[PDB]
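Enquirer: Next comes input-v5.csv, CSV, C-alpha atoms:
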```csv
chain,number,residue,atom,x,y,z
J,1,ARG,CA,0.0,0.0,0.0
J,2,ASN,CA,2.9,2.4,0.7
J,3,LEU,CA,4.3,1.6,-2.7
J,4,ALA,CA,1.0,2.3,-4.4
J,5,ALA,CA,0.7,5.6,-2.5
J,6,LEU,CA,4.3,6.6,-3.3
J,7,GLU,CA,3.9,5.8,-7.0
J,8,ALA,CA,0.7,7.9,-7.1
J,9,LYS,CA,2.5,10.8,-5.4
J,10,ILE,CA,5.5,10.6,-7.7
J,11,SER,CA,3.4,10.4,-10.9
J,12,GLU,CA,1.1,13.3,-9.9
J,13,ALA,CA,4.0,15.5,-8.6
J,14,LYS,CA,6.1,14.9,-11.8
J,15,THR,CA,3.2,15.5,-14.3
J,16,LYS,CA,1.8,18.5,-12.4
J,17,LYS,CA,5.2,20.2,-12.0
J,18,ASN,CA,6.0,19.6,-15.7
J,19,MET,CA,2.7,21.0,-16.9
J,20,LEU,CA,2.9,24.0,-14.5
J,21,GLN,CA,6.4,24.8,-15.8
J,22,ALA,CA,5.3,24.5,-19.4
J,23,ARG,CA,2.3,26.8,-18.9
J,24,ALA,CA,4.4,29.3,-17.0
J,25,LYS,CA,6.9,29.3,-19.8
J,26,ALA,CA,4.1,29.9,-22.3
J,27,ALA,CA,2.7,32.7,-20.2
J,28,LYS,CA,6.0,34.5,-19.9
J,29,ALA,CA,6.6,34.1,-23.7
J,30,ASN,CA,3.2,35.6,-24.3
J,31,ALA,CA,3.9,38.5,-21.9
J,32,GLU,CA,7.2,39.1,-23.7
J,33,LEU,CA,5.4,39.1,-27.1
J,34,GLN,CA,3.0,41.7,-25.7
J,35,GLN,CA,5.9,43.8,-24.4
J,36,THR,CA,7.6,43.7,-27.8
J,37,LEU,CA,4.4,44.7,-29.5
J,38,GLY,CA,4.2,47.7,-27.1
J,39,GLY,CA,8.0,48.1,-27.2
J,40,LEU,CA,8.3,48.9,-30.9
J,41,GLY,CA,11.0,51.5,-31.5
J,42,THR,CA,10.5,52.4,-35.2
J,43,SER,CA,9.2,55.8,-34.0
J,44,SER,CA,12.8,56.9,-33.6
J,45,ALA,CA,12.7,58.0,-37.2
J,46,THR,CA,10.9,61.1,-36.0
J,47,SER,CA,14.4,62.4,-35.2
J,48,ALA,CA,15.4,62.2,-38.9
Q,1,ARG,CA,21.9,-38.2,29.8
Q,2,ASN,CA,24.1,-35.1,30.2
Q,3,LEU,CA,25.0,-35.4,26.5
Q,4,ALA,CA,21.4,-35.7,25.5
Q,5,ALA,CA,20.5,-32.6,27.5
Q,6,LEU,CA,23.5,-30.7,26.2
Q,7,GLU,CA,22.6,-31.6,22.6
Q,8,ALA,CA,19.1,-30.4,23.1
Q,9,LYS,CA,20.3,-27.2,24.7
Q,10,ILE,CA,22.7,-26.5,21.8
Q,11,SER,CA,20.2,-27.2,19.1
Q,12,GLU,CA,17.5,-25.1,20.6
Q,13,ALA,CA,19.8,-22.2,21.4
Q,14,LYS,CA,21.3,-22.2,17.9
Q,15,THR,CA,18.0,-22.4,16.0
Q,16,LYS,CA,16.2,-19.9,18.3
Q,17,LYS,CA,19.0,-17.4,18.1
Q,18,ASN,CA,19.2,-17.7,14.3
Q,19,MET,CA,15.5,-17.3,13.8
Q,20,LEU,CA,15.4,-14.4,16.2
Q,21,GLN,CA,18.2,-12.6,14.4
Q,22,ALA,CA,16.6,-13.2,11.0
Q,23,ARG,CA,13.2,-11.9,12.2
Q,24,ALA,CA,14.9,-8.8,13.9
Q,25,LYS,CA,16.7,-8.1,10.6
Q,26,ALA,CA,13.4,-8.4,8.7
Q,27,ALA,CA,11.7,-6.1,11.1
Q,28,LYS,CA,14.4,-3.4,11.0
Q,29,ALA,CA,14.3,-3.7,7.2
Q,30,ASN,CA,10.6,-3.1,7.2
Q,31,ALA,CA,10.9,-0.2,9.5
Q,32,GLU,CA,13.6,1.3,7.2
Q,33,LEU,CA,11.2,0.8,4.3
Q,34,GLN,CA,8.4,2.6,6.2
Q,35,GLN,CA,10.8,5.5,7.1
Q,36,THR,CA,11.9,5.8,3.4
Q,37,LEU,CA,8.3,5.9,2.4
Q,38,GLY,CA,7.7,8.7,4.9
Q,39,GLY,CA,11.2,10.2,4.2
Q,40,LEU,CA,10.6,11.1,0.5
Q,41,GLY,CA,12.3,14.3,-0.4
Q,42,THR,CA,10.9,15.0,-3.9
Q,43,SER,CA,8.9,17.9,-2.3
Q,44,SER,CA,12.1,20.0,-2.5
Q,45,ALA,CA,11.1,21.1,-6.0
Q,46,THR,CA,8.7,23.5,-4.3
Q,47,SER,CA,11.8,25.8,-4.1
Q,48,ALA,CA,12.1,25.8,-7.9
```
Would you give me this structure, written as structure tokens?
Expert:
Amino acid sequence: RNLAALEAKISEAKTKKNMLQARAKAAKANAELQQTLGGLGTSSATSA
Amino acid sequence: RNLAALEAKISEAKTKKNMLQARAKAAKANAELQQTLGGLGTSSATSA
């Protein structure tokens, strides 16, 4: 029974951590994309 | 008669001590297994 419980714990922890990390990476990538969209610097030609 | 008694004593002492040692070793192994089941350290990923 301890082995069954430990296997369940290991599987759930591994899969949940992996998916959480993947989703956090996707979210930060999306935030970076939004920043770049707002961070466009082509307006510097106003100096010329 | 002394030889018969001594042989009985020797046989019983040897077998009883051997079985007691084996069972104590099995019990300590089981306790170690339970400790390891309770001693899982995979939770340290909470830091990451």
Enquirer: Return the neighbours of chain Q among the residues of chain J, cut-off 12 Å, counting all atoms listed in the file, as a PyMOL selection string.
Expert: chain J and resi 1-7+9-14+16-18+20-21
Enquirer: Can you measure atom CA of residue Q:28 to atom CA of residue Q:44 for me? One decimal in Å is fine.
Expert: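 Distance reported for this atom pair: 27.1 Å.
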Enquirer: One decimal, Å: what's the distance from atom CA of residue J:39 over to atom CA of residue J:24, could you say?
Expert: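 Separation of atom CA of residue J:39 and atom CA of residue J:24: 21.7 Å.
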Enquirer: Using Å and a single decimal, report how far atom CA of residue J:19 sits from atom CA of residue Q:47.
Expert: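 Taking atom CA of residue Q:47 and atom CA of residue J:19, their separation equals 16.4 Å.
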Enquirer: May I ask you to restore N, CA and C atoms in stretch 2-23 of chain J and write the result as a PDB file, keeping the file's coordinate frame?
Expert:
```
ATOM      1  N   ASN J   2       1.969   1.241   0.748  1.00  0.00           N
ATOM      2  CA  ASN J   2       2.900   2.400   0.700  1.00  0.00           C
ATOM      3  C   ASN J   2       3.466   2.591  -0.652  1.00  0.00           C
ATOM      4  N   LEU J   3       3.805   1.506  -1.348  1.00  0.00           N
ATOM      5  CA  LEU J   3       4.300   1.600  -2.700  1.00  0.00           C
ATOM      6  C   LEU J   3       3.289   2.202  -3.644  1.00  0.00           C
ATOM      7  N   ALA J   4       2.041   1.746  -3.529  1.00  0.00           N
ATOM      8  CA  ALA J   4       1.000   2.300  -4.400  1.00  0.00           C
ATOM      9  C   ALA J   4       0.846   3.805  -4.127  1.00  0.00           C
ATOM     10  N   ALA J   5       0.792   4.207  -2.855  1.00  0.00           N
ATOM     11  CA  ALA J   5       0.700   5.600  -2.500  1.00  0.00           C
ATOM     12  C   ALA J   5       1.851   6.419  -3.038  1.00  0.00           C
ATOM     13  N   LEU J   6       3.060   5.889  -2.858  1.00  0.00           N
ATOM     14  CA  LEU J   6       4.300   6.600  -3.300  1.00  0.00           C
ATOM     15  C   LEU J   6       4.301   6.746  -4.800  1.00  0.00           C
ATOM     16  N   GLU J   7       3.913   5.698  -5.528  1.00  0.00           N
ATOM     17  CA  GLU J   7       3.900   5.800  -7.000  1.00  0.00           C
ATOM     18  C   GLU J   7       2.856   6.852  -7.418  1.00  0.00           C
ATOM     19  N   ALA J   8       1.680   6.877  -6.786  1.00  0.00           N
ATOM     20  CA  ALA J   8       0.700   7.900  -7.100  1.00  0.00           C
ATOM     21  C   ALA J   8       1.280   9.299  -6.857  1.00  0.00           C
ATOM     22  N   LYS J   9       1.909   9.490  -5.696  1.00  0.00           N
ATOM     23  CA  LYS J   9       2.500  10.800  -5.400  1.00  0.00           C
ATOM     24  C   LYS J   9       3.533  11.190  -6.401  1.00  0.00           C
ATOM     25  N   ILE J  10       4.417  10.259  -6.763  1.00  0.00           N
ATOM     26  CA  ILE J  10       5.500  10.600  -7.700  1.00  0.00           C
ATOM     27  C   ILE J  10       4.922  10.966  -9.048  1.00  0.00           C
ATOM     28  N   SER J  11       3.995  10.159  -9.566  1.00  0.00           N
ATOM     29  CA  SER J  11       3.400  10.400 -10.900  1.00  0.00           C
ATOM     30  C   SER J  11       2.730  11.792 -10.890  1.00  0.00           C
ATOM     31  N   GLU J  12       1.878  12.041  -9.889  1.00  0.00           N
ATOM     32  CA  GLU J  12       1.100  13.300  -9.900  1.00  0.00           C
ATOM     33  C   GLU J  12       2.084  14.484  -9.712  1.00  0.00           C
ATOM     34  N   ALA J  13       3.066  14.393  -8.813  1.00  0.00           N
ATOM     35  CA  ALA J  13       4.000  15.500  -8.600  1.00  0.00           C
ATOM     36  C   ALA J  13       4.746  15.780  -9.938  1.00  0.00           C
ATOM     37  N   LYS J  14       5.277  14.735 -10.577  1.00  0.00           N
ATOM     38  CA  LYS J  14       6.100  14.900 -11.800  1.00  0.00           C
ATOM     39  C   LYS J  14       5.205  15.580 -12.880  1.00  0.00           C
ATOM     40  N   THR J  15       4.037  14.999 -13.168  1.00  0.00           N
ATOM     41  CA  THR J  15       3.200  15.500 -14.300  1.00  0.00           C
ATOM     42  C   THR J  15       2.733  16.933 -13.965  1.00  0.00           C
ATOM     43  N   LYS J  16       2.283  17.190 -12.732  1.00  0.00           N
ATOM     44  CA  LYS J  16       1.800  18.500 -12.400  1.00  0.00           C
ATOM     45  C   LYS J  16       2.896  19.557 -12.482  1.00  0.00           C
ATOM     46  N   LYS J  17       4.084  19.245 -11.958  1.00  0.00           N
ATOM     47  CA  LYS J  17       5.200  20.200 -12.000  1.00  0.00           C
ATOM     48  C   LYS J  17       5.568  20.452 -13.497  1.00  0.00           C
ATOM     49  N   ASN J  18       5.617  19.401 -14.319  1.00  0.00           N
ATOM     50  CA  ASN J  18       6.000  19.600 -15.700  1.00  0.00           C
ATOM     51  C   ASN J  18       4.979  20.492 -16.428  1.00  0.00           C
ATOM     52  N   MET J  19       3.684  20.218 -16.259  1.00  0.00           N
ATOM     53  CA  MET J  19       2.700  21.000 -16.900  1.00  0.00           C
ATOM     54  C   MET J  19       2.682  22.460 -16.410  1.00  0.00           C
ATOM     55  N   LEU J  20       2.876  22.635 -15.099  1.00  0.00           N
ATOM     56  CA  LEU J  20       2.900  24.000 -14.500  1.00  0.00           C
ATOM     57  C   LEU J  20       4.119  24.750 -15.125  1.00  0.00           C
ATOM     58  N   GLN J  21       5.281  24.106 -15.222  1.00  0.00           N
ATOM     59  CA  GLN J  21       6.400  24.800 -15.800  1.00  0.00           C
ATOM     60  C   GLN J  21       6.193  25.133 -17.259  1.00  0.00           C
ATOM     61  N   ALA J  22       5.591  24.218 -18.022  1.00  0.00           N
ATOM     62  CA  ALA J  22       5.300  24.500 -19.400  1.00  0.00           C
ATOM     63  C   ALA J  22       4.360  25.675 -19.572  1.00  0.00           C
ATOM     64  N   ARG J  23       3.304  25.704 -18.757  1.00  0.00           N
ATOM     65  CA  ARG J  23       2.300  26.800 -18.900  1.00  0.00           C
ATOM     66  C   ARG J  23       2.926  28.111 -18.406  1.00  0.00           C
TER      67      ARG J  23
END
```
